[PDB]
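Data block below; observations after.
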Amino acid sequence: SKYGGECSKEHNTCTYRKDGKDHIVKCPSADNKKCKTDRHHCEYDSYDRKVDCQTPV
Ligand SMILES: [Cl-]
Ligand SMILES: [Cl-]
Ligand SMILES: [Cl-]
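Per this note's numbering, residue 12 is the first one in the sequence shown, and the count goes up by one each step.
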């Protein structure tokens, strides 16, 4: 369902692993989902069709 990776603060992207490959998707521009901290964990949720670059911990 959920595919994990790390985000780029400079580019506001999430690079996630799926099917043995890395995929780079823009993070949201929303304040509490964008990449605020370089290399923060991020997730692509394939069920909900959404990205978050401020995943909880
Ligand atoms: Cl790859
Ligand atoms: Cl915007
Ligand atoms: Cl806020």
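We put the CB at the ideal spot given by N, CA and C, even for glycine.
The shortest CA-to-CA distance from residue 32 to any of 51, 15, 66 is the one to 15. Set against 6 Å, the gap from the CB of residue 32 to the closest heavy atom of ligand 1 is smaller. Linking residue 26 to residue 68 through their CA atoms gives a straight-line distance of about 18 Å.
A direct Cα-to-Cα measurement between residue 23 and residue 39 gives close to 8 Å.
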